[PDB]
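Single chain ahead, by itself, as structure tokens, in the form deposited in one PDB entry.
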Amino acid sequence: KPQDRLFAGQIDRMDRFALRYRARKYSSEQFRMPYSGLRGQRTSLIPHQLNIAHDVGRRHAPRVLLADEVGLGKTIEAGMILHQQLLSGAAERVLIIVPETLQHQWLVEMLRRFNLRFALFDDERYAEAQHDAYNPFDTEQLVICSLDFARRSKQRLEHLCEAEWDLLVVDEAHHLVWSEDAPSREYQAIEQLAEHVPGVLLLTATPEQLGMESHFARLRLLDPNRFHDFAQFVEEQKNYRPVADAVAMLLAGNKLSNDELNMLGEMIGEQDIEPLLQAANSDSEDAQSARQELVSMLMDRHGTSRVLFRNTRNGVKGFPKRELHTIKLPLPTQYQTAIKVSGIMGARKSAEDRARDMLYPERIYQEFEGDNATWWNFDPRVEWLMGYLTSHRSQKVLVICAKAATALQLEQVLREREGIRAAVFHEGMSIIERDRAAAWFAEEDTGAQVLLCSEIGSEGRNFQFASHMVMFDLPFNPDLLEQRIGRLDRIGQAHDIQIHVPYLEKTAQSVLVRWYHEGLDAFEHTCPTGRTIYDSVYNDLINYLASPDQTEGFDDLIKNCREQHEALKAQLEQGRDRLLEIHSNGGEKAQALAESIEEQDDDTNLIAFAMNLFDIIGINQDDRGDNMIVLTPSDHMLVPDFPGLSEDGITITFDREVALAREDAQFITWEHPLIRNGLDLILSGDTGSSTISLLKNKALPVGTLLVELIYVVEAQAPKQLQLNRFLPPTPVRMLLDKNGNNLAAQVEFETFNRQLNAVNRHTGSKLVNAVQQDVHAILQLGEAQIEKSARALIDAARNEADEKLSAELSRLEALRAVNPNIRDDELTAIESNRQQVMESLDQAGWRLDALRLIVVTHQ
């Protein structure tokens, strides 16, 4: 086929032939990496996240509950699972359903960290998409919508169910509450969705102790066969508590009681168990190893760890300390008058509404003096903010308030008074507008030195050098408070977080500061008890907020809440399942997984191929020297529009640490779309498949003919079978003389390619037609040589495919014997996939892809 094009007049350029071979060779090599799908994401390599992603991401139709605590990376873990299944072909269509306020968070995270462009489906986008198909969700492969959107219409819900999704992601799944007599519409929608999508990821950090019926109902959504009875599940969790405590004491060091181990041995039921148990419970020279084998066999028999992952902050340390600094300020008489007239108008207004309103006195003032009324003239919080920023000009400060209107007013007064420039975040801006404001604030280069945020939820952007936070006001519930602090209290952040709270005395602000700090300790330590206690004392705490002058019993309430907080906190830590924690973080095997990816990171093959790829496609690279390159298209582009480019130009980097510091830059790996789209572009057609060249070599007779043939050995099969793990389309380069000697083993490609020069068209065409009959005789000589070569590759693959898939099949069958969380369809998927892989490798052959004729000259 390629020689027919050559003898018919197609002569390709030298760089096209070379790049075609290189791109096929590197594609063949990068597919077989054991860590594919975990390299391309713009994240740090945290072992507990990679352990979850590497386990769940390679399953057939994964159905797990991701229950890591707040800030531990549930969005990143879900993104890594999506990244693998989409890259490998195991999934094609993904549906992410989140609370309405977290939609933009997931769009930014999935695009800027995993290169996944999701489509937000709201009511206006839904009506737009209806014009194109019967099912409007068929118009996009990756969509995000809200719980309210999914539940609102039965007809729209049916379309969402029949849209043939491969993976379903539900964030903040604790919003799905089990109710025996009145399940919410959003519960019913997710329940129906979960029966129609094979792969489901439920995300919620809620402890099962704060609600057990809902926790079991979420697990039953994942596997209704295993989790079929609630009372049985409750009894299982009770029966297991002594085992988790005895195990916890083991790793803690204190040795075990006689009856405490025959209880570990009963749950690990097997005949010869005494030697291992005694070796572990000895603290000898062998006990260190003996416990890893012990807990390993206990994790395989754990009742829920196969489908439930829960890392904790006490288990995975690495979060910064949080320091509270309160600043009590006098109440100006303008607010005194505004509050009084407000109380005269709201004698009937509910205590709940009065409590919330008086938290933001600039809104009370404007509600009587008009919008944009000059409250910033007398508000002492503004003056304190002025003095703090003017005396801290070299550090990045993040200021948060509830309302955008207040945040936008602060930007103006701070600019008009002290000349300080501030980036602003609020819900009224576009994602791209917030992208610029973020990059402006991220500059250590006299960037924006203060970032002003409304209550808008964080979109995952990392501000490395930001460790100082000002709460201009306080949010109304403790869940919003931790979301605020989480903007800087990030994993891997080393500097202590300074939280400054300027507040007005004897107002609802002063009451809320006391309750958050003294009652919940919510500022300096992450609060797992806030919501639970807040619900119990809501209409009680509201009264003290609404009437800050009458403080009778407030100290008693604070005492009540703090004692309940401390008790619930310590109880959650006692019930912490250490065996579940170890399975969640992955131990030393996960640390090795993190090291292996970081070693693979610095890829000189990639930089080489990427620059060779961009020259041919026609991209102009401007190396800014700072580990960053600016890509701008040129005139001589192959395709008019190459996917990832814009006429404004994009910034790229190959270094993972630079990519984390500059999220405005593309993180180029073998798994980046720019690379995968460039590979497919040059390997799609026939460009570079047929050419002729001259070799200036005096050590060889004039006119001697060599042909270098690029064969490709491949099987044909659907991508979901994942045949590329064992036999991707693989090039087999041969270099033949007139007798058929294969010299490719002693003639390195790049060394020999640098000596082959193109021919002008008129001489080149004359030369090809002259040597044709000899070339045909050499082509016939190769067909026998490629056969033995291709048969060695296929037989190598079908043995490696049979060996790998036998291990996976045996591993899942060993688990099913001791674990109830192995689904029937999982065992059938491996058994069927293995048989189909063997059958596709049986029908694998060879073809000639490209050939380059070489004629020796002395000129």
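The term rigid core refers to the most C-alpha atoms you can superpose between the two forms while keeping them within 1.5 Å. Counting begins at 1, following the sequence as shown.
Keep in mind the form deposited in another entry is missing from the figure; the text below concerns it.
Here residue 420 counts as shifted, since its C-alpha moves by at least 2 Å between the shown form and the other one after the core is aligned. For residue 302, the Cα coordinates differ by under 2 angstroms between the shown form and the other one after the core has been superposed.
Distance between the C-alpha atoms of residue 459 and residue 674: longer by at least 3 Å in the other entry than in the displayed form. The pair residue 459 and residue 96 is at least 3 angstroms farther apart at the CA level in the other entry than in the present model.
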